[PDB]
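Taking the form deposited in one PDB entry, here's one chain by itself in structure tokens.
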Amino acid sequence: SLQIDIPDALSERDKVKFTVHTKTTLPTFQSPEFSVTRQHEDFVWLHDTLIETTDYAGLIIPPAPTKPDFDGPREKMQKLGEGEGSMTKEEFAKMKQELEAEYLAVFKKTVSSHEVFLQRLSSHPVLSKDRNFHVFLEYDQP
């Protein structure tokens, strides 16, 4: 079996980090359980690479994940304090709490899109076997 989930993620400056966790029985992997850190572009790279593969001409590659956008929430958070002085402590806390809820919503949607893409790949009997997909899953220089 090939089981992939995204346990955790980080949003920073303008960059988003996903943790891609793999559980597998397959002999082809060096280890049964491992985790790596990947960025949205890495997901895009995999999709494009699968598309390029001559052998997969007759298969439909799963659509790439949507690029994550945290711009509204990040922009608001910077502004929030920012004007910490202007407002009361309860006002500040409630606002910070609100903006956090927003981050979480964006997180839930983007995490799902990235995870679903990987899960579709593992579903495919041919695609799961792909060498590039494997490297994406467990290559860890650090």
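Just count from 1 along the sequence shown to find any residue number.
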Can you tell me which stretch has the higher mean Cα B-factor, 12-20 or 129-137? 12-20
Mind pulling up the entry and telling me whether 85-93 or 102-110 has the higher mean Cα temperature factor? 85-93
Highest recorded C-alpha temperature factor, please, choosing from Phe117, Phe70, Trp45, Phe29. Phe29
Take the CA temperature factors straight from the PDB entry and tell me which of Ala64, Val36, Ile60, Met77 peaks. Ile60
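Here the subject shifts to the form deposited in another entry, a form of this protein not shown in this document.
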Chain position at the hinge linking the two rigid parts, options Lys67, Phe34, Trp45, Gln30, forms compared between this form and the one not shown: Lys67
